[PDB]
Amino acid sequence: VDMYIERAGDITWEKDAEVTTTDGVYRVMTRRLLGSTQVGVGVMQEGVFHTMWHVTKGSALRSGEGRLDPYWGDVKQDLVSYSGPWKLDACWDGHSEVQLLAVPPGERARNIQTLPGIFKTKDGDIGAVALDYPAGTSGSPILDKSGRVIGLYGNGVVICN
Amino acid sequence: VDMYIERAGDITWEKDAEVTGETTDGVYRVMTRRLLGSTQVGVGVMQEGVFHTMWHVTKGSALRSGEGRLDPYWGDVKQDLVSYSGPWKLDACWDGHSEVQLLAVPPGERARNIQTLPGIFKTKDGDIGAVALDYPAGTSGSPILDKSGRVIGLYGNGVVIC
């Protein structure tokens with residue numbers, strides 16, 4: 001039994017993308033007996049690891065030889081930061097295309113340019129990436145044209161003001 | 001509490017298996033409710049009014065079942081087990097040579113039985129059976145069955161040898 005993170009690539013906006021403990025994007029992996037599972041994805045920015053609460057459930061993560069303890073979490077927002085407070089502040093303008101840096105289980109990271117739908121929720125309107133990825137892709141970062149993370153896959157995108 | 005259980009089917013050995021709300025007994029998805037939808041975090045077993053799953057699935061957190069909150073009764077983080085609303089009821093063990101059936105309940109897919117022979121895995125305390133099959137995240141807790149349909153362990157937790 002071992003929960004660990006594994007670099008899958010850099011976070012950048014890609015110009016010609018397909019259309020429908022260093023910083024970067026990581027798979028969250030779990031080893032239990034003879035099995036190996038991708039349980040999710042997250043973002044290392046300014047030495048803080050960001051993912052969704054349901055991916056880790058606050059469990060400590062191995063990175064390399066080191067160990068990352070949960071710093072901050074909210075089950076309601078379904079978010080968790082490791083080694084530091086939440087660092088992702090960018091919001092979606094509500095009209096611009098975004099890029100999903102999808103990291104599906106057993107597959108390479110790839111950017112996919114897409115237009116979020118607006119979804120009516122309890123709290124109000126939020127953006128959502130309407131794309132189907134297999135279980136364990138959740139936490140994949142959503143990027144604005146400036147390469148800043150505007151949300152995590154499964155968790156939606158907040159619209160500004 | 002954002003976690004709830006949902007019956008996925010009956011626990012039985014299937015003859016024609018591939019080879020390699022309800023308070024009733026059976027196999028359940030463990031779901032979390034987010035703003036944009038529900039996510040399957042695990043699977044468990046309702047036997048004799050007690051819900052069994054793995055500690056890492058719920059973290060001891062209360063579940064919504066049917067129209068009633070289930071409170072954790074027993075748990076061990078080390079063995080990675082938790083029973084709800086009563087003590088642990090699953091006592092059956094693996095003989096160490098017989099094939100078993102994994103009643104896999106993968107996220108967004110129907111329950112299916114697959115017949116397989118566990119490998120023997122070395123732990124600190126000794127030898128245990130381990131199902132060598134790859135299922136997506138959220139399939140952990142899926143019951144492993146002897147020919148009598150009794151649960152001999154949960155997927156990702158291995159199978160105690162008698």
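Residues numbered from 1 in each chain as written, not as in the entry; some residues may be left out. Chains lettered and ligands numbered in written order. Heavy atoms only, no water. Residues with missing side-chain atoms left out of burial classes, pairs and counts.

**Regarding the interface of chain B and chain A**
Listed per partner, the contact involves 23 residues of chain B and 25 residues of chain A. Interface of chain B and chain A: buried area, both sides summed, is about 1,900 Å²; carbon and sulfur atoms make up 68% of it. Interface area lost by chain B to chain A is led by B:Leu35, B:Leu36 and B:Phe121, which between them contribute 31%. With its nearest N and O atoms 3.3 Å apart, the salt bridge here joins A:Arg32 to B:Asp80. Seen at the junction of chain B and chain A, the total is three residue pairs in polar contact. (Contact = heavy atoms within 4.5 Å. Buried area = accessible area lost by both parts, 1.4 Å probe. Salt bridge = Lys/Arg side-chain N within 4 Å of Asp/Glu carboxyl O. Polar contact = N/O pair within 3.5 Å; in protein donor to acceptor, adjacent residues only side chain to side chain.)

**Description of the packing of aromatic side chains**
Aromatic rings considered in pairs are described by the distance between their centres and by the relative angle of their planes. Going through the model one piece at a time under the given rule, you end up with eight aromatic pairs over all chains. On the basis of an interplanar angle of 65° and a centroid distance of 5.9 Å, the ring pair of A:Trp72 and A:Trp86 is categorised as edge-to-face. Residue A:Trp72 is located in strand β8 (residues 70-74), and its partner A:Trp86 is located in the loop between β9 (79-82) and β10 (98-102); the two are separated by 14 residues in the primary sequence. A relative accessible area of 25% means that A:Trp86 is categorised as partly exposed. Relative to A:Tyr153, the ring of A:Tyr133 lies with its centre 6.0 Å away and its plane at 90°, an arrangement referred to as edge-to-face. With A:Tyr133 in the loop between β13 (125-128) and β14 (141-143) and A:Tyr153 in the loop between β15 (149-152) and β16 (156-157), this pair connects stretches of sequence that are 20 residues apart. We classify A:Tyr153 as buried; its relative accessible area is 10%. Ring pairing ties together the aromatic residues A:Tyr26, A:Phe49 and A:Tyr82, which thus form one cluster. Residue placement shows B:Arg33 over the ring face of B:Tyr4; its charged tip is 4.0 Å from the ring centre. (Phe/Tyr/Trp six-rings, centres within 6.5 Å; stacked < 30°, edge-to-face > 60°. Helix = DSSP H or I, 4+ residues; strand = E, 2+ residues; numbered from the N terminus. Buried < 20%, exposed > 50% of the residue type's maximum accessible area, 1.4 Å probe, protein only. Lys NZ or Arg CZ within 6 Å of the ring centre and 35° of its normal.)

**Observations concerning the pairing of strand β5 (residues 48-51) of chain A**
All names here are of chain A. Burial of β5 is two-sided: the residues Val-48 and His-50 facing one way and the residues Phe-49 and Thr-51 facing the other way are all buried. For strand β4 (residues 35-45) and β5, the ladder comprises three bridges, and the chain directions are antiparallel. The residue bridging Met-44 from the neighbouring strand is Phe-49, located in β5. (Pairing = 2+ DSSP bridges.)

**A look at the UniProt feature "active site" (unreviewed entry) in chain B**
Feature annotation in UniProt assigns "active site" (unreviewed entry) to the following positions: B:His56, B:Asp80 and B:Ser140. Of the residues just listed, which span 85 residues, no C-alpha pair is farther apart than 11.2 Å, and they cluster in one region. Take B:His56: it is sitting in helix α1 (residues 55-58). Residue B:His56 is classed as buried on the basis of its relative accessible area of 17%. For B:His56, the contacting residues outside a window of four places in its chain are A:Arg32, A:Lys57, B:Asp80 and B:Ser140. (UniProt positions renumbered as here; feature names shortened; annotations may be inferred.)

**Topic: the pairing of β15(A)**
Residue and element names in this part refer to chain A. Pairing between β14 and β15: three bridges, direction antiparallel. Looking at β15, one finds that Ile-142 is bridged to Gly-151. The hairpin formed by β14 and β15 contains five residues between the paired strands, and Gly-147 there has a positive phi angle of roughly 75°. Direction of pairing for β15 relative to β16: antiparallel, over a ladder of two bridges. In the sheet register, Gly-151 faces β16, and the bridge partner there is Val-157. Between the end of β15 and the start of β16, which pair antiparallel, lie three residues, with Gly-154 showing a positive phi angle near 100°.

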